[PDB]
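Trainee: For reference, the structure I am asking about is given below.
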Amino acid sequence: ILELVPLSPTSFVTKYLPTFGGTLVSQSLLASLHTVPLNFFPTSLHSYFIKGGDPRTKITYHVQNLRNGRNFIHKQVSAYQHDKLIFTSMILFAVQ
Amino acid sequence: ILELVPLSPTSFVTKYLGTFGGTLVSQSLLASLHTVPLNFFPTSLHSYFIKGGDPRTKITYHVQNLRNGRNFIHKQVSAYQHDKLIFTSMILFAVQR
Amino acid sequence: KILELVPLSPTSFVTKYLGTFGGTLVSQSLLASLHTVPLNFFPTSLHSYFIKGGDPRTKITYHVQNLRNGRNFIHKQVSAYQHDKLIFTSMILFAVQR
Amino acid sequence: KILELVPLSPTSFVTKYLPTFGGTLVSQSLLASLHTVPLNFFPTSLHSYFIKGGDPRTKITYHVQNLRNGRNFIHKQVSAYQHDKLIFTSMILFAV
């Protein structure tokens, strides 16, 4: 139950109801890992807590490509609830 | 919940044992949350993956204070296995009032 | 004013009048993008990449490209050029307020 | 000259004149960060988050927070406050 459902190549909803910021960071990370090649790994991440909460509704994550190259990929993952941005994370990846 | 055991006001060990990544960040955030007042909540968090760890082996988290302002607390949380740095976070906190 | 752009088209703009070259590039990039979205779509984040030093003795041309729409969000890519070479890009994300 | 900051400490800066436009937020936060980074480091990217609307009839206070150092790379965060409220934050990445 950190589980996500892919609605698209870039968009994911929680399966179960959530809000702990740790859940937001973890699921946003998982989400990004499904959009990046298996040989790329996270070097850092940077999460911004924009609005709290509710555990009573689902979270939708959207992954947006910021920058890529041979050795590096940058992603942004935004989380919505009730059609409002609550949380955004930038995740940096590097190759092998 | 990913529970830690306090060894001090300021240091913590895993009680139990890229979800590993999500674990490090979570726990590092739980750790730092035990060092701040009731109405301080994270505004942002910045984690650096320094070396892969083994799950299992316990993780030890040290929480330091970095340099305050007005309306914020800047914590650094570093994670260790075998006295070697695995992971560090900067977590920023603000008050509601 | 000073950052004024002349619209060449609905998605293309150029500077009117020729440390922080950077702030200017980000600022005009944002302004350019703001001309392609409705009033109540506000920027939630931007992400700017410094690709090559500018010339402050030539024109900057900005192209706005629509990357993605979702219910609540618009994602633009703004690319800045001088002499037909890429000097700068930003990804600017917007959300509707209701 | 209008994007002029007054240092208050090694890491904190107030606007001298009245601001908010996003573009001003971004540029002031970049100038603040440039005062705290060695002269031979240059910005490679910048990532700004519009957290709450500014008012231009109020001064903005910028705080530069170190995220990570090396000999080749420096990461900084710059946060902007009005009336003791976070309105805006930026991550700036520098290379030697």
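Naming works like this for the structure tokens: A, B, ... for the chains as they're shown, residue 1 at the start of each chain, ligands 1 onward in shown order.
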Using only C-alpha atoms, determine which residues of chain D fall within 9 Å of chain B; present them as a list in words.
Mentor: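 Filtering chain D at 9 Å from chain B with only C-alpha atoms gives residues 12, 63, 65, 66, 67, 68, 81, 84, 85 and 86 of chain D.
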Trainee: Grab the residues selected above and save them as a short mmCIF file (atom, residue, chain, number, x, y, z; two decimals), in the first residue's frame with N, CA and C atoms.
Mentor:
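File produced: selection.cif:
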data_model
loop_
_atom_site.label_atom_id
_atom_site.label_comp_id
_atom_site.auth_asym_id
_atom_site.auth_seq_id
_atom_site.Cartn_x
_atom_site.Cartn_y
_atom_site.Cartn_z
N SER D 12 21.27 36.39 4.16
CA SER D 12 19.94 37.00 4.16
C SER D 12 20.04 38.39 3.57
N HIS D 63 16.55 34.23 1.91
CA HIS D 63 17.48 33.48 2.73
C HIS D 63 18.09 32.43 1.86
N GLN D 65 20.27 29.09 1.60
CA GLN D 65 20.48 27.88 2.42
C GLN D 65 21.30 26.93 1.61
N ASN D 66 22.39 26.48 2.18
CA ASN D 66 23.31 25.64 1.44
C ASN D 66 22.70 24.23 1.41
N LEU D 67 22.76 23.59 0.25
CA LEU D 67 22.20 22.24 0.09
C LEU D 67 23.33 21.23 -0.05
N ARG D 68 24.30 21.54 -0.88
CA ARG D 68 25.42 20.68 -1.10
C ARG D 68 26.57 21.40 -1.80
N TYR D 81 10.44 35.49 1.67
CA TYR D 81 9.46 35.69 2.73
C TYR D 81 8.91 37.09 2.69
N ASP D 84 6.58 37.22 7.33
CA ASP D 84 6.86 35.95 7.99
C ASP D 84 6.17 34.75 7.29
N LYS D 85 5.94 34.84 5.99
CA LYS D 85 5.33 33.75 5.23
C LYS D 85 6.17 33.40 3.98
N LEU D 86 6.42 32.12 3.79
CA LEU D 86 7.19 31.69 2.64
C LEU D 86 6.31 31.91 1.41
#
Trainee: Pick out the chain A residues within 12 Å of chain D. Count only C-alpha atoms. Give them as a ChimeraX atom specification.
Mentor: /A:44-51,66-67,74-76,78,85-92
Trainee: Do you have the atom CA of residue C:79-atom CA of residue C:58 distance handy?
Mentor: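 These atoms are spaced 15.8 Å apart.
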Trainee: Apply DSSP to the backbone of this structure and, from chain B, keep only the residues in helix (DSSP H, G or I); write these as a VMD selection string.
Mentor: chain B and resid 19 to 33
Trainee: Could the residues in this selection be saved with N, CA, C and O atoms as a short mmCIF file (atom, residue, chain, number, x, y, z; two decimals), in the first residue's frame?
Mentor:
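Result file again11.cif:
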data_model
loop_
_atom_site.label_atom_id
_atom_site.label_comp_id
_atom_site.auth_asym_id
_atom_site.auth_seq_id
_atom_site.Cartn_x
_atom_site.Cartn_y
_atom_site.Cartn_z
N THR B 19 12.14 1.58 -3.18
CA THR B 19 11.43 1.71 -1.92
C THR B 19 12.51 1.93 -0.85
O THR B 19 12.22 2.43 0.24
N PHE B 20 13.75 1.51 -1.14
CA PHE B 20 14.83 1.76 -0.24
C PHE B 20 15.06 3.26 -0.16
O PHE B 20 15.11 3.81 0.93
N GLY B 21 15.15 3.91 -1.32
CA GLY B 21 15.27 5.35 -1.38
C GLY B 21 14.16 6.06 -0.62
O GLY B 21 14.42 6.95 0.20
N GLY B 22 12.92 5.65 -0.90
CA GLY B 22 11.76 6.19 -0.24
C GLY B 22 11.78 5.92 1.26
O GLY B 22 11.23 6.69 2.02
N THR B 23 12.45 4.85 1.66
CA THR B 23 12.59 4.54 3.07
C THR B 23 13.56 5.48 3.75
O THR B 23 13.27 6.01 4.84
N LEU B 24 14.71 5.68 3.12
CA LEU B 24 15.70 6.57 3.68
C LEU B 24 15.12 7.99 3.89
O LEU B 24 15.34 8.62 4.94
N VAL B 25 14.35 8.47 2.93
CA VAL B 25 13.83 9.83 2.97
C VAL B 25 12.77 9.95 4.07
O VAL B 25 12.77 10.89 4.84
N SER B 26 11.85 8.99 4.08
CA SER B 26 10.84 8.89 5.10
C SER B 26 11.37 8.89 6.51
O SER B 26 10.89 9.65 7.36
N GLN B 27 12.31 8.02 6.77
CA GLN B 27 12.84 7.87 8.08
C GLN B 27 13.63 9.12 8.41
O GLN B 27 13.69 9.54 9.55
N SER B 28 14.31 9.68 7.43
CA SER B 28 15.14 10.81 7.73
C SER B 28 14.22 11.99 8.10
O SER B 28 14.52 12.77 8.98
N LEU B 29 13.06 12.04 7.49
CA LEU B 29 12.07 13.00 7.82
C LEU B 29 11.37 12.75 9.19
O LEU B 29 11.03 13.73 9.92
N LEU B 30 11.17 11.47 9.54
CA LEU B 30 10.62 11.13 10.85
C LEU B 30 11.60 11.52 11.91
O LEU B 30 11.24 12.16 12.88
N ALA B 31 12.86 11.18 11.69
CA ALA B 31 13.88 11.57 12.61
C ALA B 31 13.83 13.07 12.88
O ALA B 31 13.80 13.49 14.04
N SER B 32 13.87 13.88 11.81
CA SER B 32 13.98 15.35 11.95
C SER B 32 12.71 15.92 12.60
O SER B 32 12.76 16.88 13.35
N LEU B 33 11.58 15.28 12.37
CA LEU B 33 10.32 15.70 12.95
C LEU B 33 10.29 15.53 14.49
O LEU B 33 9.50 16.20 15.18
#
Trainee: Taking only C-alpha atoms into account, name the residue in A:80, A:72, A:12, A:41 that is nearest to residue A:57.
Mentor: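 So, comparing all the options, the nearest one is A:80.
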Trainee: Excluding residue C:14 and its own-chain neighbours fewer than 4 positions away, which residues fall within 8 Å of it when counting only C-alpha atoms? Please give them as a list in words.
Mentor: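 With the cut-off at 8 Å, the set is residues 5, 6, 7, 8, 59, 60, 61 and 62 of chain C.
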Trainee: Those residues you just picked out, can you put them in a file as an mmCIF file, in the first residue's frame with N, CA, C and O atoms?
Mentor:
data_model
loop_
_atom_site.group_PDB
_atom_site.id
_atom_site.type_symbol
_atom_site.label_atom_id
_atom_site.label_comp_id
_atom_site.auth_asym_id
_atom_site.auth_seq_id
_atom_site.Cartn_x
_atom_site.Cartn_y
_atom_site.Cartn_z
ATOM 1 N N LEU C 5 8.875 42.475 -24.799
ATOM 2 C CA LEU C 5 9.031 41.611 -25.938
ATOM 3 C C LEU C 5 8.079 42.088 -27.040
ATOM 4 O O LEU C 5 7.016 42.600 -26.757
ATOM 5 N N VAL C 6 8.476 41.895 -28.281
ATOM 6 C CA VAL C 6 7.633 42.139 -29.425
ATOM 7 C C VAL C 6 7.190 40.765 -29.895
ATOM 8 O O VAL C 6 8.036 39.929 -30.213
ATOM 9 N N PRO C 7 5.886 40.528 -29.915
ATOM 10 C CA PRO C 7 5.340 39.265 -30.415
ATOM 11 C C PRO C 7 5.481 39.167 -31.912
ATOM 12 O O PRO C 7 5.053 40.083 -32.595
ATOM 13 N N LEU C 8 6.120 38.106 -32.385
ATOM 14 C CA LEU C 8 6.263 37.816 -33.785
ATOM 15 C C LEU C 8 5.103 36.966 -34.264
ATOM 16 O O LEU C 8 4.768 36.927 -35.458
ATOM 17 N N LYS C 59 19.606 40.914 -30.150
ATOM 18 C CA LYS C 59 18.323 40.256 -30.099
ATOM 19 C C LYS C 59 18.268 38.850 -29.443
ATOM 20 O O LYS C 59 19.087 37.990 -29.744
ATOM 21 N N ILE C 60 17.259 38.625 -28.608
ATOM 22 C CA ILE C 60 16.891 37.264 -28.180
ATOM 23 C C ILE C 60 15.534 36.932 -28.704
ATOM 24 O O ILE C 60 14.620 37.691 -28.540
ATOM 25 N N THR C 61 15.420 35.781 -29.350
ATOM 26 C CA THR C 61 14.148 35.281 -29.851
ATOM 27 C C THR C 61 13.651 34.109 -28.981
ATOM 28 O O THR C 61 14.343 33.137 -28.787
ATOM 29 N N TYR C 62 12.456 34.223 -28.438
ATOM 30 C CA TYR C 62 11.840 33.141 -27.628
ATOM 31 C C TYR C 62 10.754 32.406 -28.421
ATOM 32 O O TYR C 62 9.857 33.034 -28.992
#
Trainee: Could you name the residues that touch residue B:3 at 8 Å or less, counting only C-alpha atoms, but leaving out those on the same chain fewer than 3 positions away, as a ChimeraX atom specification?
Mentor: /B:14-16,27
Trainee: Go ahead and save the residues from that selection, with N, CA, C and O atoms, as a CSV table (one decimal), in the first residue's frame.
Mentor:
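Result saved to out_28.csv:
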chain,number,residue,atom,x,y,z
B,14,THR,N,17.1,2.4,13.1
B,14,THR,CA,16.0,1.7,12.7
B,14,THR,C,15.7,0.6,13.7
B,14,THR,O,16.6,-0.1,14.3
B,15,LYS,N,14.4,0.5,14.0
B,15,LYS,CA,13.9,-0.5,15.0
B,15,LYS,C,13.8,-1.9,14.4
B,15,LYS,O,14.1,-2.9,15.0
B,16,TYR,N,13.4,-1.9,13.1
B,16,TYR,CA,13.0,-3.0,12.3
B,16,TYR,C,13.9,-3.4,11.2
B,16,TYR,O,14.8,-2.6,10.8
B,27,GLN,N,12.3,8.0,6.8
B,27,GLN,CA,12.8,7.9,8.1
B,27,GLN,C,13.6,9.1,8.4
B,27,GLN,O,13.7,9.5,9.6
Trainee: Which residue out of C:45, C:12, C:29, C:69 has the minimum interatomic distance to chain D when only C-alpha atoms are used?
Mentor: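 Of C:45, C:12, C:29, C:69, the one nearest chain D, counting only C-alpha atoms, is C:45.
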Trainee: Enumerate as a ChimeraX atom specification all residues of stretch 65-94 of chain D assigned to strand (DSSP E or B) by DSSP on the backbone, naming them with the chain letters and numbers the document uses.
Mentor: /D:65-69,73-82,85-94
Trainee: Take the residues from that selection and write them out as a short mmCIF file (atom, residue, chain, number, x, y, z; two decimals), in the first residue's frame, keeping N, CA, C and O atoms.
Mentor:
data_model
loop_
_atom_site.label_atom_id
_atom_site.label_comp_id
_atom_site.auth_asym_id
_atom_site.auth_seq_id
_atom_site.Cartn_x
_atom_site.Cartn_y
_atom_site.Cartn_z
N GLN D 65 20.27 29.09 1.60
CA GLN D 65 20.48 27.88 2.42
C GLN D 65 21.30 26.93 1.61
O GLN D 65 21.01 26.65 0.42
N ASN D 66 22.39 26.48 2.18
CA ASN D 66 23.31 25.64 1.44
C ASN D 66 22.70 24.23 1.41
O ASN D 66 22.16 23.75 2.41
N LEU D 67 22.76 23.59 0.25
CA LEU D 67 22.20 22.24 0.09
C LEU D 67 23.33 21.23 -0.05
O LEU D 67 23.30 20.19 0.55
N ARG D 68 24.30 21.54 -0.88
CA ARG D 68 25.42 20.68 -1.10
C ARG D 68 26.57 21.40 -1.80
O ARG D 68 26.36 22.25 -2.67
N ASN D 69 27.78 21.05 -1.37
CA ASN D 69 29.08 21.52 -1.86
C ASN D 69 29.95 20.38 -2.34
O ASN D 69 29.91 19.26 -1.82
N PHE D 73 30.78 21.27 -7.88
CA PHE D 73 29.35 21.60 -7.91
C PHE D 73 28.94 22.22 -6.59
O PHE D 73 29.42 21.82 -5.55
N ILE D 74 28.03 23.19 -6.64
CA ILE D 74 27.37 23.75 -5.45
C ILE D 74 25.85 23.83 -5.71
O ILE D 74 25.42 24.30 -6.76
N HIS D 75 25.06 23.29 -4.80
CA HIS D 75 23.62 23.49 -4.76
C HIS D 75 23.15 24.42 -3.66
O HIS D 75 23.48 24.22 -2.49
N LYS D 76 22.36 25.44 -4.02
CA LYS D 76 21.79 26.34 -3.07
C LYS D 76 20.24 26.38 -3.14
O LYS D 76 19.63 26.13 -4.22
N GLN D 77 19.60 26.65 -2.02
CA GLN D 77 18.21 26.97 -2.02
C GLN D 77 18.05 28.41 -1.61
O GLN D 77 18.72 28.87 -0.72
N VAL D 78 17.16 29.15 -2.26
CA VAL D 78 16.84 30.49 -1.84
C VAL D 78 15.38 30.62 -1.58
O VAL D 78 14.57 30.47 -2.52
N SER D 79 15.01 30.98 -0.34
CA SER D 79 13.61 31.18 0.01
C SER D 79 13.27 32.66 0.26
O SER D 79 14.05 33.42 0.84
N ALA D 80 12.06 33.03 -0.11
CA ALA D 80 11.61 34.40 -0.11
C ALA D 80 10.40 34.49 0.80
O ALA D 80 9.46 33.67 0.71
N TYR D 81 10.44 35.49 1.67
CA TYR D 81 9.46 35.69 2.73
C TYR D 81 8.91 37.09 2.69
O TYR D 81 9.63 38.07 2.39
N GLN D 82 7.62 37.17 2.96
CA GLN D 82 6.88 38.42 3.15
C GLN D 82 5.99 38.19 4.38
O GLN D 82 5.27 37.19 4.45
N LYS D 85 5.94 34.84 5.99
CA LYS D 85 5.33 33.75 5.23
C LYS D 85 6.17 33.40 3.98
O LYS D 85 6.55 34.27 3.22
N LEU D 86 6.42 32.12 3.79
CA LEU D 86 7.19 31.69 2.64
C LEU D 86 6.31 31.91 1.41
O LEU D 86 5.17 31.42 1.36
N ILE D 87 6.81 32.67 0.45
CA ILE D 87 6.05 32.91 -0.75
C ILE D 87 6.63 32.22 -2.00
O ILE D 87 5.94 32.04 -2.99
N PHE D 88 7.89 31.79 -1.93
CA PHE D 88 8.64 31.46 -3.12
C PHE D 88 9.97 30.82 -2.73
O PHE D 88 10.62 31.26 -1.78
N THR D 89 10.35 29.78 -3.46
CA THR D 89 11.59 29.14 -3.23
C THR D 89 12.24 28.69 -4.55
O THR D 89 11.58 28.33 -5.56
N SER D 90 13.55 28.74 -4.57
CA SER D 90 14.27 28.39 -5.76
C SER D 90 15.50 27.51 -5.36
O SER D 90 16.09 27.70 -4.29
N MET D 91 15.78 26.47 -6.16
CA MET D 91 17.01 25.76 -6.13
C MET D 91 17.92 26.20 -7.32
O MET D 91 17.49 26.24 -8.46
N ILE D 92 19.14 26.62 -7.01
CA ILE D 92 20.10 27.04 -8.04
C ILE D 92 21.31 26.11 -7.97
O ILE D 92 21.88 25.86 -6.90
N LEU D 93 21.67 25.55 -9.12
CA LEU D 93 22.77 24.60 -9.27
C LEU D 93 23.90 25.31 -10.00
O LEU D 93 23.67 25.99 -11.00
N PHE D 94 25.10 25.20 -9.46
CA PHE D 94 26.27 25.90 -9.98
C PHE D 94 27.39 24.90 -10.35
O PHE D 94 27.51 23.83 -9.77
#
Trainee: Applying 9 Å and only C-alpha atoms, which residues near residue A:58 remain after dropping the ones on its own chain fewer than 6 positions away? List them as a count of residues only.
Mentor: 9
Trainee: Just want the 9 Å neighbourhood of residue A:96, counted on only C-alpha atoms, with same-chain residues fewer than 2 positions away dropped. Output as a ChimeraX atom specification.
Mentor: /A:39-41,71,94
Trainee: With a distance threshold of 10 Å and counting only C-alpha atoms, extract the residues of chain C near chain A and express them as a PyMOL selection string.
Mentor: chain C and resi 44-49+67-68+70-73+75+77+89-93+95-98
Trainee: Take the residues just selected and output them with C-alpha atoms as an mmCIF file, in the first residue's frame.
Mentor:
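Listing of selection.cif after writing:
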data_model
loop_
_atom_site.group_PDB
_atom_site.id
_atom_site.type_symbol
_atom_site.label_atom_id
_atom_site.label_comp_id
_atom_site.auth_asym_id
_atom_site.auth_seq_id
_atom_site.Cartn_x
_atom_site.Cartn_y
_atom_site.Cartn_z
ATOM 1 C CA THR C 44 3.515 26.876 -10.228
ATOM 2 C CA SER C 45 7.108 26.157 -11.132
ATOM 3 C CA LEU C 46 9.857 26.888 -13.670
ATOM 4 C CA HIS C 47 13.019 25.149 -14.591
ATOM 5 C CA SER C 48 15.660 26.969 -16.480
ATOM 6 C CA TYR C 49 18.796 25.593 -18.074
ATOM 7 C CA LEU C 67 4.392 20.188 -24.190
ATOM 8 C CA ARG C 68 1.422 18.817 -22.322
ATOM 9 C CA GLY C 70 -3.771 17.839 -18.201
ATOM 10 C CA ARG C 71 -7.090 18.842 -16.572
ATOM 11 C CA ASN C 72 -5.552 21.329 -14.285
ATOM 12 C CA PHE C 73 -2.150 22.082 -15.800
ATOM 13 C CA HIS C 75 3.322 22.686 -19.462
ATOM 14 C CA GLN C 77 8.855 24.810 -23.069
ATOM 15 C CA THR C 89 15.463 26.841 -22.176
ATOM 16 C CA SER C 90 12.861 26.698 -19.490
ATOM 17 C CA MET C 91 10.074 24.302 -18.670
ATOM 18 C CA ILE C 92 7.269 26.390 -17.138
ATOM 19 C CA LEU C 93 4.337 24.680 -15.426
ATOM 20 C CA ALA C 95 -2.100 25.499 -12.862
ATOM 21 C CA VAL C 96 -5.644 26.834 -13.016
ATOM 22 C CA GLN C 97 -7.010 28.613 -10.084
ATOM 23 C CA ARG C 98 -10.837 28.567 -9.877
#
Trainee: What does the structure give for the distance between atom CA of residue C:76 and atom CA of residue C:16, in Å to one decimal?
Mentor: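 Calculated distance between atom CA of residue C:76 and atom CA of residue C:16 is 22.3 Å.
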